[PDB]
Amino acid sequence: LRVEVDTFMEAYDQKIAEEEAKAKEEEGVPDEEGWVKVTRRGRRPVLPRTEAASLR
Amino acid sequence: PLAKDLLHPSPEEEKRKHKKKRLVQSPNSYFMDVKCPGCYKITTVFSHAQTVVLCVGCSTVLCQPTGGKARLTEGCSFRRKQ
Amino acid sequence: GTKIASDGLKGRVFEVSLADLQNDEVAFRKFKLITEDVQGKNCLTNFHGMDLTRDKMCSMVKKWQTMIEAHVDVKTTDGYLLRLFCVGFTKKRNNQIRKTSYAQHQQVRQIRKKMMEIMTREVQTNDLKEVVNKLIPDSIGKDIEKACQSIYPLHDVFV
Amino acid sequence: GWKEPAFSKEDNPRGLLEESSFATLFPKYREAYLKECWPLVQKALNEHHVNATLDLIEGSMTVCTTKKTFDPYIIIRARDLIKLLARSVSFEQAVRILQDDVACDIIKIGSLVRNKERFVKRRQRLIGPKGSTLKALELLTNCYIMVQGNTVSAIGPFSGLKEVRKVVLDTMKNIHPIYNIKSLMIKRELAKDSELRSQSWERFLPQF
Amino acid sequence: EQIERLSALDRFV
Amino acid sequence: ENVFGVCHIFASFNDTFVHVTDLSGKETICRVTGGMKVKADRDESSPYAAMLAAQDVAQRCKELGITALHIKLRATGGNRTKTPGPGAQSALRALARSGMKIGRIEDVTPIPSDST
Amino acid sequence: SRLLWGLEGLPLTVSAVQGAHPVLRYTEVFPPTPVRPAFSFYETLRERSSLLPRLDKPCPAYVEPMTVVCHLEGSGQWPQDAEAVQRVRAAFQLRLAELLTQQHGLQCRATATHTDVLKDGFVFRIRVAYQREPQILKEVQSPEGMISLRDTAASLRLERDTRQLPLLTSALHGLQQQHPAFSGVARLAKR
RNA sequence: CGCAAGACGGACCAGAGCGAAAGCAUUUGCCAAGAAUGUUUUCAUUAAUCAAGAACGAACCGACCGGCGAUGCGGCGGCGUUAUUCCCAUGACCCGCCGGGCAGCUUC
Ligand SMILES: [Mg+2]
Ligand SMILES: [Zn+2]
Numbered sequence: 169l170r171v172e173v174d175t176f177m178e179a180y181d182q183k184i185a186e187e188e189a190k191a192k193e194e195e196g197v198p199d200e201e202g203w204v205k206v207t208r209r210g211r212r213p214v215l216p217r218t219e220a221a222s223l224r
Numbered sequence: 002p003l004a005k006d007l008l009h010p011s012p013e014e015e016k017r018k019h020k021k022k023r024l025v026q027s028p029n030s031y032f033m034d035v036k037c038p039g040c041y042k043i044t045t046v047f048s049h050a051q052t053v054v055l056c057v058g059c060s061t062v063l064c065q066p067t068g069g070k071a072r073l074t075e076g077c078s079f080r081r082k083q
Numbered sequence: 054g055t056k057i058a059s060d061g062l063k064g065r066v067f068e069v070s071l072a073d074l075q076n077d078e079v080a081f082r083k084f085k086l087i088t089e090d091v092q093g094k095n096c097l098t099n100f101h102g103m104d105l106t107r108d109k110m111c112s113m114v115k116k117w118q119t120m121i122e123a124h125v126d127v128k129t130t131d132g133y134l135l136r137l138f139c140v141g142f143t144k145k146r147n148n149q150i151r152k153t154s155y156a157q158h159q160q161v162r163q164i165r166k167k168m169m170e171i172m173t174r175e176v177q178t179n180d181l182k183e184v185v186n187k188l189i190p191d192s193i194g195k196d197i198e199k200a201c202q203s204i205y206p207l208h209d210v211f212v
Numbered sequence: 039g040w041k042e043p044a045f046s047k048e049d050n051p052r053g054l055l056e057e058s059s060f061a062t063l064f065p066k067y068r069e070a071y072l073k074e075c076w077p078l079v080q081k082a083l084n085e086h087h088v089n090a091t092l093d094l095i096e097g098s099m100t101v102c103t104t105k106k107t108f109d110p111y112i113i114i115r116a117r118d119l120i121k122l123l124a125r126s127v128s129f130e131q132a133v134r135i136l137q138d139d140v141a142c143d144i145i146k147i148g149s150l151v152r153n154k155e156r157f158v159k160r161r162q163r164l165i166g167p168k169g170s171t172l173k174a175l176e177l178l179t180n181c182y183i184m185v186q187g188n189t190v191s192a193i194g195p196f197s198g199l200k201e202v203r204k205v206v207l208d209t210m211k212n213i214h215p216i217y218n219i220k221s222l223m224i225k226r227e228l229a230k231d232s233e234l235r236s237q238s239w240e241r242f243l244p245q246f
Numbered sequence: 535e536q537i538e539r540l603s604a605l606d607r608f609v
Numbered sequence: 025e026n027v028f029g030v031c032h033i034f035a036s037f038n039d040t041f042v043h044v045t046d047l048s049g050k051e052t053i054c055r056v057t058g059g060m061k062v063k064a065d066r067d068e069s070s071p072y073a074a075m076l077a078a079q080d081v082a083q084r085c086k087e088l089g090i091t092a093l094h095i096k097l098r099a100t101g102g103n104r105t106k107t108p109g110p111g112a113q114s115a116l117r118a119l120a121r122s123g124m125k126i127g128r129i130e131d132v133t134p135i136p137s138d139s140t
Numbered sequence: 670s671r672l673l674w675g676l677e678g679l680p681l682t683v684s685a686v687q688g689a690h691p692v693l694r695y696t697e698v699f700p701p702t703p704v705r706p707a708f709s710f711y712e713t714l715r716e717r718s719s720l721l722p723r724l725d726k727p728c729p730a731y732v733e734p735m736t737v738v739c740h741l742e743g744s745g746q747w748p749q750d751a752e753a754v755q756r757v758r759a760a761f762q763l764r765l766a767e768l769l770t771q772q773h774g775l776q777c778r779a780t781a782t783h784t785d786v787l788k789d790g791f792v793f794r795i796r797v798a799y800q801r802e803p804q805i806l807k808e809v810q811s812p813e814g815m816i817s818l819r820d821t822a823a824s825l826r827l828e829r830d831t832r833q834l835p836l837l838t839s840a841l842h843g844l845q846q847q848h849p850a851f852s853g854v855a856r857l858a859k860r
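Read top to bottom, the protein sequences are chains NI, NQ, NM, NY, LW, NG and NH. For the first sequence, the entry's author numbering begins at 169 and goes up steadily by one. For the second sequence, the entry's author numbering begins at 2 and goes up steadily by one. For the third sequence, the entry's author numbering begins at 54 and goes up steadily by one. For the fourth sequence, the entry's author numbering begins at 39 and goes up steadily by one. Using the entry's author numbering, the letters of the fifth sequence correspond one by one to residues 535 to 540, 603 to 609. For the sixth sequence, the entry's author numbering begins at 25 and goes up steadily by one. For the seventh sequence, the entry's author numbering begins at 670 and goes up steadily by one.
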């Protein structure tokens, strides 16, 4: 039981680390046709895309 | 005091001064085109908006008024105009 | 005769430090025990109150920080009604250069509000036995400190 | 004339059973001076086998007894010492209260007057021109007095401290210190004359 | 002066 | 083991009181004041009077089995001074000189928070 | 509960211990008693301290473990994935069993959802729950492109087992204190 | 140990903040008011100073251009730390910049 738990968490943490590094690369950096993607990684707080925030 | 030419100010000087204290008044605001998720129709939104802007097609909340610049929703794509 | 020794024996309050009640716990926290029944040269007590020493309270209050206090009235599951007091102090960051660490009034009220529901929720759901077990290591104060980090960092949070 | 007997380790072996502690706070402008004199204060208190710790992060002065200590009251004299140091009292004056003959009193005068400018004016009246009135108080009382902020620290014989608290508080009550200083001078010379010792001194005391 | 002007549960611990 | 008691030492500039009670502080064991020892109003607060009062209280405790005392030092407090009297130091010394064991030392001088 | 309130070596400290069994609220029709298994009536694996019923002997005596819900100290290092939280909970089951048998010499069996502890002849089933887990199960990203929170049968089941059930057990436990005859009426009604 | 009454609101408390001045300090709910800041909104000279009159009212010198540091509020930009958002909430620290304030040190 302990081996499988450690194995799955090792794989899960590696996937999370890759996503964070990719997002850090992609923050800012406008692409072609002039589009900038609004993310939470910036310094200006952003409105979340949730049902509770929209109704509020 | 430092010697500055009133007729020909430096590039970093005019962008740093107050908008009313420049040689010619010029606002710091702008208009931008935003694209909401769910439908990719383009909407023109003022930067210092004072009212919540809703997409015409899908009625999605685009921006929320703040003290200064309006905060855009997550996942939206914006571009300065002109 | 016509008067009972246990009657005078009951209602006595003992002020005992937690260091005399626990083997390795701190000594600046004290508990109130009140005698309720007499069982043949054996006085039986129960929880009556909790308080901190005078010197511990005096040392925490510094000069260049903000103090936040809150109080609630909450009833336990077994019918005991309690009043709880908490104190908190704003914390200076390691890289901070500004001499003063003050929180604004709205930040104080948001901190004070979060103080109230945490004590309220952690008492009305449990009973007197469970509450005392929480009070011995002061897990209530640690929970408040963790929850208030988003508003303003805090230290020396205690019940 | 009876003097108090001395106390030593012979009088009780391992007299203390539980350890008592006291802590005090100091401002940062006193932090620098306390840093250099800490080797000295720990040496003085180690003679009585009571420990001291200077917390720089907390900004606190802490004294606590140990297992070797045999005199229970010395912790009170230890607590009084660290309070004086936080009130800018110098080291040599502060350590002298450890001797049994000397006492101490910290008088808080900030609460007396709501107006800050009125409080400062009367505080300057207590010090007087060239500090003469303070030392006129000092010589007559035979007590060391220092005024710092909203606190007045005085140390000496117990009869002296009672006189200091009266005059210092009276100054904040808007009655001139010169009246009290001159009153003490009359009291001293009356003590010289053995006659009429039982008789009242109200006539001899000055009247407004 | 010249320079001056110029394993899985371990994370929970 | 040691049988514990609570000793209250009120030390005014006028008089010194030494008072021993139980742990709860409700039952009185022995109370001797400075005036009961010396027959003069001058020396009620004298250190000599307090030492005599402490010895009489201390000798009272031994036949009752009391061996250890907790001490609560207290001054006049309130609007007046917060300084222990002259009798406080001598009385505390005499209790240890009598062989009585000493527990924790606490000051219980009433400190006002709002000035009148 | 006092043994848990004081256990050392855990990465996260225990924040709350709550019982969720009819025995702890005095509503069990036939109350259990401490039991001692007979060695010769069973056969032994010898790899784990667990016995198995024998083919020739009749059915063994019935033992029902009593469920206990335990909540740990709140932290932000927990995974934000539904199946990953299942992995961390299973690790906590193994760690709890390992420490309990080391500090107090109690027989513990670790399972992916619970830990079985034998103490004083009684068998307790300890469940470790995570506070924000029901909120994670309610996350439903819709096709149009907006993520919302909607109740789920799995999410509703988790809230009942870990939050609502301990509240009713403690509430009925207090009710028995005022009315000693509540236990007899409730048990007879079930029968 | 418990109860009742009259005041007062320490330490936190600063040359900080607010108000036309006199003045203003426990928690929470409610009512109306206000400064500054943000604005590619609106009207278009509607203004300044004032005897008379009205409301409130404790008990060296001069609009003398500037500069440097901190400080309170609002806004803008930013490499990095620190928490994190069902509700409640989107902050704490560091750096640069723009305003109106409370004050210092200097200059013309
Ligand atoms: Mg700012
Ligand atoms: Zn749309």
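Backbone N, C-alpha and C fix where the C-beta goes; we use that ideal spot for every residue, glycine too.
Of all residues in the segment 171 to 182 of chain NI, those with a C-beta nearer than 7 Å to a C-beta of chain LW are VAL173, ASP174, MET177, reading in chain order. The shortest CA-to-CA distance from NY:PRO43 to any of NG:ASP138, NG:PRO134, NG:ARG117 is the one to NG:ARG117.
Interface with chain NY (8 Å Cβ-Cβ cutoff): NG:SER139 is included. As summarised for the segment 25 to 94 of chain NG, the continuous beta strand (DSSP E) elements at least 3 residues long and confined to that stretch are 28 to 35, 40 to 45, 52 to 57, given in chain order. At a cut-off of 3 residues, the continuous stretches assigned as beta strand (DSSP E) that sit fully inside the segment 46 to 114 of chain NY are 59 to 63, 89 to 93, 98 to 102. Chain order gives the chain NG residues near NY:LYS200 as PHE37, where near means a beta carbon separation below 7 Å. With 16 or more other Cβ atoms from the protein chains shown falling within 10 Å of its own Cβ, NM:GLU183 counts as buried. Around the C-beta of NQ:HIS19, fewer than 16 other C-beta atoms lie within 10 Å, and the residue is accordingly described as exposed. When the Cα atoms are used, NG:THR133 and NH:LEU806 turn out to be separated by approximately 59 Å. Rounded to whole angstroms, the separation of the alpha carbons of NY:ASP231 and NY:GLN237 is 12 Å. For the pair NH:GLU802 and NH:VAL737, the CB atoms are not nearer than the 8 Å cut-off. DSSP, read as helix, strand or coil, puts NM:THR106 in coil. DSSP links NG:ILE129 through a beta bridge to NG:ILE95. Inter-residue distance for NI:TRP203 and NH:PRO748 is about 32 Å (C-alpha atoms, whole angstroms).
Less than 8 Å separates the beta-carbon of NY:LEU122 from that of NY:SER191.
Contact between NQ:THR44 and NI:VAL214 is ruled out by a C-beta separation of about 17 Å, above the 8 Å threshold. Placement of the Cβ of NQ:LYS42 at a distance of less than 7 Å from at least one heavy atom of ligand 2 is found. The C-beta separation of NY:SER59 from NY:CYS102 comes to about 4 Å, placing the pair in contact by the 8 Å criterion. Taking the Cα positions, NM:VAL91 is about 6 Å away from NM:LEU97. Close CB contacts of NM:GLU89 within its chain, under the 8 Å cut and outside five residues either way in sequence, are with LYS63, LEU97, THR98, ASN99 (chain order).
For NH:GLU808, the nearest beta carbon of chain NQ is not closer than 8 Å to its own beta carbon. Taking each of NM:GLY61, NM:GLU68, NM:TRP117 in turn and checking the Cα distance to NG:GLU130, the smallest one comes out for NM:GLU68.
NQ:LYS82 is not a Cβ neighbour of NQ:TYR41, given a cutoff of 8 Å.
DSSP places NH:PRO722 in no alpha helix (DSSP H) but in the uninterrupted beta strand (DSSP E) bounded by 720 to 722. At least one beta carbon of chain NY lies nearer than 8 Å to the beta carbon of NM:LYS115. A check of alpha carbon separations from NY:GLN162 across NY:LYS146, NY:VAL185, NY:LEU178 identifies NY:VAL185 as the nearest. Taking a cut-off of 8 Å on C-beta distances, the segment 671 to 687 of chain NH does not touch the segment 103 to 120 of chain NG, as fewer than three cross pairs fall below it. Exclusion of NM:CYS201 from the 7 Å shell around ligand 2 follows from its C-beta lying no nearer than that to any non-hydrogen atom of the ligand. Annotation: NG:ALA99 has no Cβ neighbours in chain NY at a cutoff of 7 Å; minimum Cβ distance is about 10 Å. For the segment 680 to 692 of chain NH, the set of residues with a beta-carbon nearer than 8 Å to any beta-carbon of chain LW comprises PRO680, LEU681, in chain order. Not one heavy atom of ligand 2 falls within 7 Å of the beta-carbon of NH:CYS739. Under DSSP, NM:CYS139 takes part in a beta bridge, and its partners are NM:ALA123. Within chain NG, the residues whose beta carbon sits less than 7 Å from that of NM:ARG65 are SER48, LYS50, listed in sequence order. Nearest to NM:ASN147 by C-alpha distance, out of NY:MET223, NY:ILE95, NY:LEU150, is NY:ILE95.
Remark: the C-beta of NQ:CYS59 is in contact range of ligand 2, defined as less than 7 Å to any heavy atom.
As DSSP reads the structure, NH:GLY688 sits in a beta bridge with NH:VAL737.
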